[PDB]
Structures are given as structure tokens and as C-alpha cells.
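Notes for the one structure printed next.
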Amino acid sequence: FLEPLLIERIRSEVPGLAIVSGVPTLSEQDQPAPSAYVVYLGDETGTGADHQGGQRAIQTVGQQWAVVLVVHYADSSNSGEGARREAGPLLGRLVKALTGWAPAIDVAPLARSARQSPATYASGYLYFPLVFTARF
Amino acid sequence: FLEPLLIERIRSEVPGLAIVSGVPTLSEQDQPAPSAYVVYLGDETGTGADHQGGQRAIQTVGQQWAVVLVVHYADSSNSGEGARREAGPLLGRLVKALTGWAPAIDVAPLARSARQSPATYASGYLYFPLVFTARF
Amino acid sequence: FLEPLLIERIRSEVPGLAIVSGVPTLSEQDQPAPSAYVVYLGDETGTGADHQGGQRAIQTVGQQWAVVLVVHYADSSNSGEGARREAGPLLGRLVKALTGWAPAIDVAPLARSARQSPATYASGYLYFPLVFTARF
Amino acid sequence: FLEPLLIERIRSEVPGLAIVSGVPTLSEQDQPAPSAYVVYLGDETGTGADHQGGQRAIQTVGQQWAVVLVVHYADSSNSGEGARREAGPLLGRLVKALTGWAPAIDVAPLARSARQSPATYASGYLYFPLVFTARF
Amino acid sequence: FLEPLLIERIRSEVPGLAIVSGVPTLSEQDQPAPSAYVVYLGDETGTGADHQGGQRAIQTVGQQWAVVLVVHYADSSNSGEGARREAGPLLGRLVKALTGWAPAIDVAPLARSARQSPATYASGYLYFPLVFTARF
Amino acid sequence: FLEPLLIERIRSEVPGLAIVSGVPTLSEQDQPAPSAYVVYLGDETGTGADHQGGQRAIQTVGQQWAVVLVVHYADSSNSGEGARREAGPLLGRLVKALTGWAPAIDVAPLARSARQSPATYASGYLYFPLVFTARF
Amino acid sequence: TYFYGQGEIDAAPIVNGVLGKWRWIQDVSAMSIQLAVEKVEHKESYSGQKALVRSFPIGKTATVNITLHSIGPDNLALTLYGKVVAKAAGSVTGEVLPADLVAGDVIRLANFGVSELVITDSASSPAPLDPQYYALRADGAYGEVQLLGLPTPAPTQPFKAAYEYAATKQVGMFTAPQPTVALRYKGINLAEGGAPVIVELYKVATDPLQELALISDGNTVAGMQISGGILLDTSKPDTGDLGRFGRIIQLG
Amino acid sequence: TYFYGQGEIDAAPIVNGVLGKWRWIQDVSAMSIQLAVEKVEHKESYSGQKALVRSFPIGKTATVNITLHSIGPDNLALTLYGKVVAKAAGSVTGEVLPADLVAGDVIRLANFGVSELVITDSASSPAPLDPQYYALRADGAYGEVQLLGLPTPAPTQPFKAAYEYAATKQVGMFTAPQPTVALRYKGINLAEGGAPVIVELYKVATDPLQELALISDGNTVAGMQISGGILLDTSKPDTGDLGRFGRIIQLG
Amino acid sequence: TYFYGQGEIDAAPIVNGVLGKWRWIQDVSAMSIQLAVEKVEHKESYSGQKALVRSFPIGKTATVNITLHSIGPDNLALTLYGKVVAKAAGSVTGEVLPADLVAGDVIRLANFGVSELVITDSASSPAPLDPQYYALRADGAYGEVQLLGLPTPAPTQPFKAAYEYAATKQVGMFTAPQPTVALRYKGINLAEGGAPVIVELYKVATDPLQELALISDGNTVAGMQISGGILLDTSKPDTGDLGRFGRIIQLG
Amino acid sequence: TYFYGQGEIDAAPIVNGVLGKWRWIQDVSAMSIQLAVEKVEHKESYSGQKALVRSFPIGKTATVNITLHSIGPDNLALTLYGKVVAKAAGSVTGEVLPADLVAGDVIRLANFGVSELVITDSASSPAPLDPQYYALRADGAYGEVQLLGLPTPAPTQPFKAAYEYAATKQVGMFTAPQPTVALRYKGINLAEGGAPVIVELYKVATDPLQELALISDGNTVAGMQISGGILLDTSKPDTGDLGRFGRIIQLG
């Protein structure tokens, strides 16, 4: 219950052309700019372990959080050259800022996943079903 | 089955500009005032324990209850400065009045959660998936 | 399979102004009169116990049945004074007539719940998620 | 896989005024005649018992089948006098013809339920959630 | 992965009047001819047995497949005489051609069910919820 | 998280007449060309085994991926001659390129299924519910 | 080369070693055969591994489990160690009912399927009681009569009941010796277009039913599970390829 | 470097130590190998911890479990300790049916696959019975004949049945000694593009099938599970790197 | 101050107490360490409660369980008590195939990865057989050859097969002594931004793999589970703070 | 009058009976206390029921289970029977790397957190090797160096590595005696508006951690479960109402 203090800098208006898009199916044909395009998948819950405490019946609630990549630059049905090759550094930047960059945390792990996040394509332009953990 | 006696004062017409809004997705762009914006999540049920009694097959039914924060003041895609920093006292007020302030209760715990209620943002303005327990 | 014989008197046309309303979301703003406003929640089923018999594979089927309270008299966003305080006797009348007043019953318990039926408000006028058992 | 031979006489055009109604929510206000008004609930399945055989992986499949009663004669919001009191013989006729009257059956029990079939009212005119077994 | 070689003869344009109907609710009132009217129910899956192998994590997947009978000849709300009595040979033909007539099969059982396939009527003209297995 | 490097060549614009079709129900009557027509089925997940690791709570996530075949050439309600007989080599090409052709993979098995992928027809022209594994 | 079998089972009782008359055991839901073998092992010790090197079997046994859903008297005799008793329909003329009867008492009769019930009053002038003063519960199937009332001038208390009773079949509990039955399972294998398969068990000694739920809950038909041991038949040739426990015939 | 194997299994029986002819065991759904070792432990006591300090193995054993879905007679001989018996098709001319037959009786014949059934009447003038007076249940697959009726002038009761029977294959129960089979598992590892893998087990002693459900429920093909112990072969070189229990070959 | 670890494991075999060369054990899915202690208890009896008052430990043991998904020969040697054997590629010139061969027979060759297969006919004038009369199953990976046919003038039955075989790596079963390996777990703790953690186990004695499913069902990669006991090393200083069982290093 | 507690736990080690300095055990997820009593029973026999009539306790014991998610060295010392060792940062100048090194070899260094790595060549004229010929895996956290290549004029094989290593904290395995710690649980009961509750346990003897999964699967934080017995303190007054095992303080 303290993430906003760092979320403020986590979010930095990634797209320069998209304005008031309310970003978080994709168009892939008329998007003004390659915005972050965050997505939500689900949640993780469990008890009967170190997560659960005493009063208030709360536990360390597992949280899910994913993103969608929209570049379509150098990849317009030609080949996957420049779609993720350029994203690599961008993917690292996104995964390090939006996740893994947490405030002073005691019971808020803010789990981050640098690797082991497979993504498969479809629709003929670009799909990226990112899989990351939040834990908070 | 006695909460209304204190609910009467729990609710005190938080918004001064919103009238007959039937508050309990959000707009985040044309809301007249920062109302309480309560939300409902689910329920908790269980038997075979101290909750269950004899006749009437009733038990201490776990109840879920959450809220949504809508301020968008000092936080208009600029930064999370003034969104929750000002809410902190307001969040405490809300969580202490709407929850934890119960009448003479014998089997109505009215559980309250001051901490351990994480919230994540999205849509580019403000999201707050509050997680609180009611137990009644 | 004999409840109608007493249901006939259970139902007595509670509202004097509402006519052909087909009562069993609520409006809370243009309702002519405070009708009973019965609601249905679900069912309870189980076997491998005294409920199950021999032939016909039938058992004492648990039945769920609830009501909604619509008074909005002395409680019009002012305070919960007169909403349930006046309902108390009315709630007892409803729970004693509609439930617990059964015909000659051998395997039809017709369970009734005088207490332990919590209700929470929302929408800014009145909500009452009643929880009662029917067992038949 | 032989029921039609007796279904032919099971069905005998109960309503005299309803024509091509395709009977199997109810109106309760403009129905020409009190038709049978059969309804379907679900199915029952199980293996690892005498139901399952050898080849073809088939078993004695439990089947569910219910009916809806629509009389609204002598019961028009007045009282439950003549709604089920007259139905009693009619209910027996329906449950004995539509169910329990099976052809030469070896693995087709065609279970019938004379009693233990509770029904609850609602909507202000008449409801009858009949519960019967078919087993085939 | 070889069924088409025999499916080619399995399907033989059963209806002579229905053209480009895309057959696999029914009308029962304006159908030009009594087509096969195949239907799909679900699937059967399982592991940890002889079905599962080594690589490719595949197993002998249970497959469900059913049909709907539409004759309405000699059975037009009169009686079930000629609806299934004439179908009997037709039902055998359908169940022997569409199922049980498989190519050279090693791990494709193509299960067939001659008997133990109950069907119940409704809607006042004809219903036939056939239950057959495919296993492939 | 490296598949695109080979996906780039996996996808090679199979249809020559279909342009900007956004391929991944089918029409089967006005399709310009026999495109790949990939489909998605679901996912496979599991823990408590060699899949799960230490930090990041990730595991070798099972992934599902299937295709739909649309040829309708030499098979136009005549017979299944030329529909899959010609597809055989095409099916092998598709299953070898789109699957089983993976980059340098350490924890990305990219499972491929040459056989044991049954497909059943329906709708009167062509259906092919392919079943393949991706594991990544 | 795959098996999914559905079929029938025929049983022939064995009395003093002479074959009985085969009968169908009616519907059967499950049949299982289990084989048990005991082995004595020899371990060598020249390699330093002290591991197993040889084994030879000493014991040989086979068990069969059958789940039958038929409660017919013929099957009850086989499963309950009982012997069927047939009672022909008849009449009763002078049965005496219990004394000191009053309204509300329930009288239980010795026979079932009672019909044309008559209760003559005890007096010098016989006076049959009015039928309206008594009722037959469960349409006389259980032989139970309820008193609805009595005339104000209380008639003589002892009664004389006469009626008609239908024929019945009864099975005793543990009234027969351990049956020995030869079993023939004639099945169809659906995995091979319905190919025929036959299983022959020459000698089986059965075990009583373990459980019998008289009042059932759910949608499951009552099941009767029987276990048995396949004994060694000493009459068949020892060197014959048919063995002495059982055999399987597959046409091909 | 990852394994998801699918493949075939070849079995060669061992008779008096001479290698047999390899055969395919048909479809197999699961194969598992388990290793068991016994260890004797030595504990030191100079540190005050009385903890383990050394251990050496004394026992060594290996077990193999195989789940096969083929009910072929060749596999039945291997799993049931049986030996296959082949019966050639033939004819019967003078079989005598049971006496005192009446309508409703079921006659069981000694052979299966009956065809062209003829029942000559017993009399000085042979008179074959009309076919309409008898029926063949299960199209004669089980060798069962039902009487539909008899002429009013009751013919001579004893009958003389002649017909044709097809060839069959039979397997006896516990009619063969404990088989010893060498196993070769040839598998494809899909995780590495379908790489080849070979597993060799020189000597295995099998355990009879535990359960065999003749009447199955559900959508699962009948499974036959066999357990076996991998014995120590004394013929292979002791110092060779191939060992004496088993080996694995991976091409790379 | 929270742990969710992901990392690598390095193993160094111990031979006669001299450290071996560290190698990576490849992918590992699970690692667990369990501690067991035996305690002797003393109870006082002056308060009347006859309750526990003191306890001192006598036993001390530690066990480690590792689940590895790599089936590499190096890991097979460590888990199967085997020693790797490398066979270089080569050629065969005069291998003799079984006699009395006919159409349908399957010939198994001694080597895998067969290529350029040639079968010379036995005669004064060598005559290689036409390739169309034989086929190579599983593209010769398993070394299996199927006969498709034979010329009408039946050639001499004994054959002489020559071909080329590729190199391979083999592992024997129970062909090596109980390995003793020192373990180094180098892990990253994600809960603390990926902090480094090191776990050192000086001496571990492993237990053979319990199960190995050669034919797998589902979407789960085959797993190899190994248990081991952490022995007491007598070479390290007794008074040192590093102990003699194991240690943990956390940078901070 | 209802309990749902959340709070902190403070532990004070007991050395030779003198109270230690209290420390916070960090995050704790579960705490349980179990009581065990042994009873001797007396049965009367004058009523014919031979039933229980009296019972008195002989034994009294209490056990405590705690689940802590902190892997801090201070907690490791308490749970692993270890004692913390602190190593200060420093430098190495003349470490000798293994000989016969070639491309692909991985060199393991004695210290972690290596930085400013230098490898001087062995020769009369020192010549530091080019950094491009070697790489630091895991950014030197694990102290592993990989050789990328060597100059064509192969330099002298033995090397001299100098670098800087950071400070670290280590914990030995079973390097400390059985700890005895007094426990203070300070909790808040949410069911009563957050009322204060205190639980005091004077003497507890702990049991080593049972399991420690170094590589975790799922979304669950690694947990460390510790069991302990609450011993009888002989220093507190016998007649005092505070007892000798433990006490609970609730403000009201």
C-alpha cells in the first residue's frame, strides 16, 4: 500500500504522439505511436503458509501483470527483424522500471522477471502475451 | 443484522458536487467530485468450525468489501504526487468509518484492514483495487 | 410437495399501491409502495446421509430463499433512521409468515432464521442482501 | 433407445386451446390454456459401478426432467385454493404417464417420483420448480 | 490423422432436397428434407495410463460425437409412429457408416455405439439427444 | 523469449491472393486463397516438478497451438479426395516450420507433433480441429 | 489389438463335481481378474553387489471380482449362501388378531399381498365389521392394518381375520453351503469392430456380498460386489495347453 | 538435454540361456525403471555429534513397470504364463445335444463360430428340423442356440447336431514357466528434434498381470500392467563398461 | 530478507579424497535440504508434573534432494553409478545376417546410425542385392532392416552385410562405485533485486535415481530425482566457524 | 472475546542461564502452540459397567511451531545451529590459477564479489593479459572467470591473479550447540479493534529446520519451519500464579 510513490516515476508518458488514449484487442493498423500497452491477466492467492498472518486474515497476495508490445516498425508483414531485436533494450527498460523498481518494501516483494517470459505471435502483424509477476 | 444503526453515520454524503449519482467502469474524465466510490468484490463462506452453530445451519459468514479512489487532483497524467499522498489521511478516515466502526457486536466481527491493502494503477489516470474484509 | 396450502395465506398482497408488479435491480426512486421484494439466491444439495433414502434417489434438498427490503421512508439519503428500525417488526413478520410457518411437515423442515442474517447497504439509498434458508 | 414407442401415448395434446405453441420464462398472463409446460434441468453421470459395462464405455446415464404447472384458475392473486388442490390428481396423472410408464426396459429404469418433489412460488401468480428423475 | 480417407464415403449427401444447408436449434417446421443433422457435444481427455506415450505428450484422446434426427413424417403431433420405427434401420445405417467404419487404425479405435444411446423428446414435434463415442 | 528470431522465417505469407486478412468461424464459401488459418486452443500449466525453479516463481509453461485447414479444392461436397491427400505434404511442411523449428533453446522445448493429431469434419465442406503442443 | 469389452456372464453351479445347468447372471457392471504369485529369490555375491540373480515362483493364485446389479432371487441364492423357497398363493380363515386392540393400533399379518380382508366379530352370531372402521396401509403389500375406529357398543375384542395372500419367493441368510460355480464370460470387443472374446473359468469359489444398501441416496443403482478365488481343477489334463485355472478364446 | 520419449519395445524370450527371436510387444503406454540400493553406514563419535561419516552399498536391484494395451495372444502368453494353442477350422457331424429339451432352453456348443447349423431328428428316417424352430444368439459367435418351438407331434428328444467351426487361438492360465525376456526400448526424444535413444536390458523376469477388467467403464482403453525384476547377467564381461544390468545409447 | 532463489549447481567428484574438476549439472528444477536431529530428554519430578526439563542432541544428519531434467551422459554416469563409454564411428565389412530369412523378417544390426548399407550375396561371383528389396525402418537409427521381397530365383540365403556406423556414448547400469561429490549452489534471490547467494556442501553421497519414465504422458518434462546424505568432512578445522557439513555465503 | 492475531516475535538467547539481548526474528507467517498431557485412569466395578471413574495427569509438555520467511544470517545462526562469521573486504595479489588452462575452461576463485580483476603473465617481464581474452560470468558475484581465447604465441601457462573481494557473512552447518531462547509474542487482535495481547514463553529449545527449498516453484515465498519444546524453568517461584511454562497478558 505504498507503490504510488514510485509508480509516479515508473510512468513517464512513453508515447509522444498518443494523447489521452486510456491504454491500459489492439488495432495494429492505426496506432499513432508505440505505447507501453500494459495488460492484466489475473491474480494469485494462497494461505496456510508464511504469507498468512494473525489478525485481519490477510496474506502476501500474488499479483499478475503483463504488457503488450506494439512497434510495427521494420516489421510490417516483412519479417521479425526490428520488432523484438530493437525491443530487447526496450523490454529490459520496461521490465526494470514498471517492475522490480519498488519503494522501501517489507512485505511487498514486487517480483520481477527478466527472462522466462515467452511470447507468441498471431494476427499477422504482432502479438506478445507477456507473463510477469507482481506479488503486490 | 444490526449494522444500519451505525451505517447511518458511516455514510455522510462525501461528495459535495455529486448529487444522486448512485455511486456504489469509472469515468476518470468528467466526475464532478471525488466521491467514496465503493465497490464489491465477493464473499467468504465456511463451515465445520466455530463459525457454524446448531439450528438454522448459519455460520459467521465472511464478507468482502472494497473501495475505489477517485481524486485526479494534482495527478492528471503528471505524477502520483497528491493522488495518494493526500489520500493517506482520507484512506484512514474511510477505512475507520466505513469499516471497524461497528455497533455492539457479538458474532459480527466487522473486520478492518488498516494496512496490507495493495493497489495498482492503470488506464493512465488512476486505479485502486482496494482489498478489505467485512466478515458481516 | 404441500407448501401451497399455507403459501396461500403466506402471501397477502403486501403493497397497497403496487398492482401487477411481478415483484419476485431495484429502482429505489419510483417504486409505488414498499412491497415484499423477495429474491432467490441458490440451492443446497447433498447425499450420503440421513437426507438420502432408498428408491427414487431423492434426498432432503436444501433450498435457499431471500428477500429485499424497499422502504425509503425516513431514509432518503438522510440517515438510516426509520429504514430498519421500523422494519424490525416488519422483518419479524416477514420471516415468520413467509418462513417458519409450514403445514403438517414430515420431511419438509422449512427452516427459518430469525437472527444471523446480516445485510449491507450500497447504491446510496438502501440494499439488504438477506440470507435465509428454506430446506424445501 | 426405445422410449418413443410409449412416448407416443405419453403425449396426448394436453391443451385444447393452445395450438403449435412449442411448449417444451412463462407468461402467466396471456396463456390460452393450461398446457403441460415441461422443463429441462440437467443430467446425471457416473462410472466405476454397475452402471458402466465393458465395450462402448457406456453406463446407465442419469437423466433429469421436470415440469412447470400453469393453471391460474381459481388462483389469480386471490389465494392458493384450486391451483394445486385441483392439480393433485393432475400432478399424479402427469407423473404417472410422462414418467414411470416405460416400455419393456432392461437397462432403462425410467425412474419416477410420486412424492418428495417440493415446489416454491414466486412472481406473484404461480411457480412450480418440479424435481423428477428420468434415468434414461 | 487419417479419417478423411473413409469420411469421403461416410458422407454421401443424405438429403435430396436440402442444398448448401451447412447442417452440422432445429426448425422442425420448414426443413426441406430429413438430413443427417449431426451435432457436437464435447470431448474426453485423460493421462497417466496406456493412452499416454513418451515424447509429444499426446494420448488417445476421447472424442464425443452425436446426431439429431429430423423426420417429422407420420409424426406431426399425431403419435410417435413412423418417427423412430422407420428410423431404426436408418439409425443403424447412420451409426455404422458415420461411426465404426474406420480405415486401417492402430491408435484410432473409432468407438461405435449400436445400443445404449437413449433419446428424449421435447418441443412437441421431435427431439433426439443422441450419445455416441468417437475416441478420435 | 527468443522465438521471433525464427518466427520471422516461420511466417512467409502463405496465401498469394489473401491480403491483409488478419487470419489468426471460417467462411468456407468465399475465401480467396488457402491460407494457413492458425487457431488458438488454450494453455498448460504446472508446478512442483523440474519445470519450477527458484526465484521469479516461473516454470516451463505448457503452451497450446493449433491450425485450421482451408483448401476446398477437389473437395466441394464431392468427396474427401484432394482435401487432405494433397495436404499431407502441406501438413508436414506446416508442422515442421511453424513448430519444431526453434532457435537455440535451453528451457524452450518447442514441442512438435508429427502424428497423433486427429481431425474431424463438419459443416459439410471441411473442418480440421488440429491438436499440437508448443510448450513455449 | 485393443480391448473395450461389453458382454454377458453365464454361471453353472458345481455340486459334488457334476456340472450344473448354466444360467445368465443378469446385468453385470464390472468384472476384474487379478493374479498373485509368490517368488523365492537367490542372490549371488561374487561381484560385490549382493544383488538379485535368480527367482522361482512357489505360489500361484487368482481372484475375480464381479459387480452385479440384479437382485433376483436366483442371484440372491448364489450371493447370500441361500436357497430359494417358493410359497404358493392361498387363503387364511381363522387367524386370531392380538387382543386389547384400540384405535390407532397397527396389526401385522403373517402373509403379504393381502386382499379381500374380512374380520369376523367373536360372538354367537357372527357379525363382520364394517370396512370403514379399518384401513390397509401400503395397499396391503406389507400386511399392515390400521384401526380407524370402533362402534360405541364395543364388540368382542378378539377377532378372526380371513383373507387371501399371493405367492412369494424367499431367500434365507447363510442357509446354503459355499457355492462353486464355473464362469463363462462372452464379450464383444468394440475396439475391433465388435470382435468376439470368450473367457472360461472352470472352478470359482465365491465370497458373500460385502455391503447391501437397502435405502440408497443419489442416482446410482444399487450394486452387489462379490469376490471369489479361482481354484485349481484336478480333472483337466495336466499337460494340456488349456491349463487348469482358466482360458481365453479369441477368434482370428 | 531434455527428455520426452515416445517409441517401441522389442522383447526376446530367454530359454536355457539361448537368445530367442525378437518380437514387437505392440502398443505400450508407459514404461518406468526404478533403482533400489541398500547401504550400511558408519558413524564417528569424536566430534560429539554422533553423526553419519561413511556409507557403503550392499544391495543393488532394479525393477521395471510396463503398461501395454495389446491383448494379442502372443502378449497373453507372455503376461499370463500361458502358451498359445491354435485350433484349425473343422466340422462336427454327430454331436449329441442334451435330452429333455423344451421351448426356451439354451444349448451351448463345444466350438465357436458356428455356421450352417443342422440338427437331424433321431429316427429310422432322418428328418432335419425346420430352421424356423431355432435361433442363433450372438450370430453363433458364442455357440448358443435357442429353441423357438417344437412341432405338435413332438419329435424324438435326443438330437444330432452337425455344423462348421472356425479356427481359434487359446491361452491357458499359469500353463507356462516364468518367462525371462531381454528388452530393447527404441525411442525418439522430441525435446531434441526427435533424437534417437536406445535402452538395453539384458535379463528381465516378469510378474503376472495384476488386474484385467473384462467389462470396462468410461472412455479409457483397457490396460495391462506388468512388473519385472532386472536380473544380473553372468555372461557379459565383468570389467566391461557396459555393465551387467542394462545400458543406454544416445547418438551424439 | 526474503528468499525466492533461482540458480545453478556445480558438482565436483571426490576420488580418494582429492578434489575433482567442477562441472555444471545442467538444468535443475528443485533443490531441498532437510536436517534431522536426535535428542535425549531428562524429566524432573519435584513439581508433580513429571514434565520435560532438559534435552541434549545425540544425532545429527542432513539430506539433500535434487530434481534434474538433463539426461546427458555425464549426468547419467553420476546418477546411475555408471561410467561413460565412447565408441568412435567406423565401418563393418563381413557381418553375417541370420539364415533362413524370408519376406517380413526384421534384421537387427549390432551398431546404430547405419548408412550406405550393402548386402552382398553369397556366391562365387558376388552380386549385391537390389536396394528395392529391403527397407530401413526408423531411417536406420535403430539398426533395423526389413525384407521387402526376394527374386524368384532364390539367392543364397546367408548374407554378408557391410555399412557405416556413427559414434555413440553409452552408460552402464551399476558399473561404478558410490560417487562422492561436493556441491556448490550459486543462486540469485529475486526478492532482494537479485542478490547473490552461495551454498557450499563439502561431501555428499548420492542415492540412485528412483524412477525414470521412458515413455511420458502429458506436458511435463521427464524428471530425475536424486537423494543424498551430506557426510561429515574430517579434513576441515574442527574449531573453524565454517563447520564440517556445509555453509552459506550472503553478500551484505 | 474473539481472536485474529497479527504481531511480532522477539527472541532472547539463553546462555548458561543468563538472559541475552532481545532481537526481532523478522517476518513470521505462522505460530502454533500445542499442549500434551498424559493421564492415568481408575475404573470402578461396582455398577457392572466397568467404566471410567477417575483420572489424574502424570505428564505435561508443550510444543511450539514457528514459520519464518527471513533468511537473515542472524536467523540462520538460530535455525541451523550455526554461528555467524564476518569476513571484511580485502585484496588478493598472488593467487595462482590452475595450470594447463585452455579456451573454455572456467576458473573458480576463492572469494566472491571480484572486481578490478588482473591476471599477470608468468615471465621475467610481467605482461598483464588483455581483458578481451577473458570474461566474468554472473558479474563476478560467484567468482567465476571464463577464458575467451589465447594469443597465438601461447604465454606461460601458470597465472597470477590479483583482485578485490567484498565483505561477506557466513553461517556454518551444525557449528553451534542447541540454542535456548525465551520468546515474547506481541500481537494485535483485530477482532476487538486491535486490542493488545502478549504471550511470554520463558524457556524454549528449538529443533533444526526440516526443509529448505533453495530453488522454488510457484508464487510462494520460501518458508522456514522450526519446532521447539517449551522446557520447565526452575528459577521462577513455584507457588506464583505466573507458572513456569508460559503466560498470557491481555489488557482489560
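Letters A, B, ... mark the chains of the C-alpha cells in the order given; residue numbers begin at 1 per chain; ligand numbers begin at 1, in order shown.
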Counting only C-alpha atoms, what are the residues of region 42-134 of chain F within 12 Å of region 186-201 of chain I, and for each of them which pair of atoms is the nearest and at what distance in Å, to one decimal? Sort the table by chain and rising number, as a Markdown table.
```
| residue | atom | partner | partner_atom | distance |
| --- | --- | --- | --- | --- |
| F:53 | CA | I:187 | CA | 10.7 |
| F:54 | CA | I:189 | CA | 8.1 |
| F:55 | CA | I:190 | CA | 5.2 |
| F:56 | CA | I:190 | CA | 6.2 |
| F:57 | CA | I:190 | CA | 9.4 |
| F:58 | CA | I:190 | CA | 11.5 |
```
Do me a favour and pick out the residues of chain G within 6 Å of chain D, using only C-alpha atoms, as a ChimeraX atom specification.
/G:4-6,29,67,69,189-190,223
Output the selection as a short mmCIF file (atom, residue, chain, number, x, y, z; two decimals), in the first residue's frame - N, CA and C atoms for each residue.
```cif
data_model
loop_
_atom_site.label_atom_id
_atom_site.label_comp_id
_atom_site.auth_asym_id
_atom_site.auth_seq_id
_atom_site.Cartn_x
_atom_site.Cartn_y
_atom_site.Cartn_z
N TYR G 4 -11.99 -53.09 -25.31
CA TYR G 4 -13.03 -52.39 -24.55
C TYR G 4 -14.25 -53.31 -24.60
N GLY G 5 -14.38 -54.18 -23.60
CA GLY G 5 -15.31 -55.30 -23.68
C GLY G 5 -16.64 -55.03 -23.01
N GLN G 6 -17.71 -55.49 -23.66
CA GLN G 6 -19.05 -55.49 -23.08
C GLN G 6 -19.69 -56.83 -23.40
N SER G 29 -21.98 -55.02 -14.14
CA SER G 29 -21.38 -53.72 -14.43
C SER G 29 -19.86 -53.75 -14.48
N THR G 67 -19.32 -57.19 -10.13
CA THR G 67 -20.32 -56.25 -9.62
C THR G 67 -21.60 -56.45 -10.42
N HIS G 69 -25.87 -55.92 -10.60
CA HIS G 69 -26.94 -55.03 -10.16
C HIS G 69 -28.30 -55.70 -10.11
N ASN G 189 -15.67 -57.05 -28.13
CA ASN G 189 -14.63 -56.04 -28.08
C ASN G 189 -14.96 -54.99 -29.13
N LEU G 190 -15.34 -53.79 -28.68
CA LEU G 190 -15.76 -52.74 -29.60
C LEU G 190 -14.58 -52.14 -30.34
N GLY G 223 -25.60 -51.68 -6.13
CA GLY G 223 -24.62 -52.63 -6.66
C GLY G 223 -24.30 -53.71 -5.65
#
```
H:142, H:134, H:165, H:46 ranked by distance to chain G, top pick (using only C-alpha atoms)
H:142
Could you please select, counting only C-alpha atoms, the residues of chain A within 12 Å of chain F and state them as a PyMOL selection string?
chain A and resi 27-29+44+62-64+74-88+91+99-100+109-135
Chain H contacts on chain J, only C-alpha atoms, 12 Å, as a ChimeraX atom specification
/J:81,173-178
Just to be explicit: take each residue in the selection above, keep N, CA, C and O atoms, and write the result as a PDB file, in the first residue's frame.
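Below is the file part02.pdb, written as the result:
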```pdb
ATOM      1  N   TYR J  81      21.787 -24.088  13.898  1.00  0.00           N
ATOM      2  CA  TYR J  81      22.803 -24.367  14.912  1.00  0.00           C
ATOM      3  C   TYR J  81      24.169 -23.856  14.459  1.00  0.00           C
ATOM      4  O   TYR J  81      25.198 -24.505  14.655  1.00  0.00           O
ATOM      5  N   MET J 173      27.216 -25.165   9.247  1.00  0.00           N
ATOM      6  CA  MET J 173      26.195 -26.179   9.467  1.00  0.00           C
ATOM      7  C   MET J 173      26.515 -26.965  10.733  1.00  0.00           C
ATOM      8  O   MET J 173      27.576 -27.590  10.830  1.00  0.00           O
ATOM      9  N   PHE J 174      25.595 -26.934  11.694  1.00  0.00           N
ATOM     10  CA  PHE J 174      25.757 -27.659  12.955  1.00  0.00           C
ATOM     11  C   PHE J 174      27.061 -27.277  13.652  1.00  0.00           C
ATOM     12  O   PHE J 174      27.791 -28.135  14.155  1.00  0.00           O
ATOM     13  N   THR J 175      27.361 -25.979  13.685  1.00  0.00           N
ATOM     14  CA  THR J 175      28.578 -25.475  14.306  1.00  0.00           C
ATOM     15  C   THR J 175      28.337 -24.822  15.660  1.00  0.00           C
ATOM     16  O   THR J 175      29.279 -24.266  16.236  1.00  0.00           O
ATOM     17  N   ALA J 176      27.120 -24.868  16.184  1.00  0.00           N
ATOM     18  CA  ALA J 176      26.778 -24.284  17.470  1.00  0.00           C
ATOM     19  C   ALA J 176      25.912 -25.248  18.261  1.00  0.00           C
ATOM     20  O   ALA J 176      25.232 -26.102  17.683  1.00  0.00           O
ATOM     21  N   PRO J 177      25.913 -25.137  19.588  1.00  0.00           N
ATOM     22  CA  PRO J 177      25.083 -26.031  20.405  1.00  0.00           C
ATOM     23  C   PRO J 177      23.609 -25.656  20.328  1.00  0.00           C
ATOM     24  O   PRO J 177      23.220 -24.616  19.794  1.00  0.00           O
ATOM     25  N   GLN J 178      22.782 -26.541  20.884  1.00  0.00           N
ATOM     26  CA  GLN J 178      21.333 -26.379  20.891  1.00  0.00           C
ATOM     27  C   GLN J 178      20.949 -25.053  21.545  1.00  0.00           C
ATOM     28  O   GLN J 178      21.113 -24.897  22.760  1.00  0.00           O
TER      29      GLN J 178
END
```
Pick out the residues sitting within 7 Å of residue 95 (chain G), and hand them over as a ChimeraX atom specification; count only C-alpha atoms, and ignore anything fewer than 5 positions along from it in its own chain.
/G:160-162
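Secondary structure by DSSP on the backbone puts the following residues of region 4-133 of chain A in alpha helix (DSSP H): residues 4, 5, 6, 7, 8, 9, 10, 87, 88, 89, 90, 91, 92, 93, 94, 95, 96 and 97 of chain A.
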Quick one: everything within 8 Å of residue 85 (chain H), counting only C-alpha atoms, minus sequence neighbours fewer than 6 positions away in the same chain. Send it as a PyMOL selection string.
(chain G and resi 241-242) or (chain H and resi 169-171)
As a count of residues only, please: the residues near residue 185 (chain H) (cut-off 12 Å, only C-alpha atoms, same-chain neighbours under 6 positions excluded).
34
Name the residues of region 6-89 of chain B that fall into strand (DSSP E) according to DSSP on the backbone, using the chain letters and numbers of this document, as an NGL selection string.
:B and (38-39 or 43-44 or 62-67)
Atoms kept (C-alpha atoms) for selection, written as a short mmCIF file (atom, residue, chain, number, x, y, z; two decimals), in the first residue's frame:
```cif
data_model
loop_
_atom_site.label_atom_id
_atom_site.label_comp_id
_atom_site.auth_asym_id
_atom_site.auth_seq_id
_atom_site.Cartn_x
_atom_site.Cartn_y
_atom_site.Cartn_z
CA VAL B 38 -17.28 1.90 -3.01
CA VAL B 39 -17.02 -1.42 -4.87
CA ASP B 43 -17.91 -13.28 -0.29
CA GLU B 44 -16.23 -15.74 2.07
CA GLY B 62 -17.04 -13.91 5.64
CA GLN B 63 -17.90 -10.78 3.68
CA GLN B 64 -15.80 -8.86 1.16
CA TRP B 65 -15.96 -5.11 0.61
CA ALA B 66 -13.67 -2.72 -1.25
CA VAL B 67 -13.50 0.90 -2.40
#
```
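Atom to atom, CA of residue 16 (chain J) and CA of residue 183 (chain J) stand 16.8 Å apart.
Atom to atom, CA of residue 251 (chain I) and CA of residue 143 (chain J) stand 12.4 Å apart.
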Coordinates-based distance that separates CA of residue 230 (chain J) from CA of residue 61 (chain J) (Å, one decimal)
7.3 Å
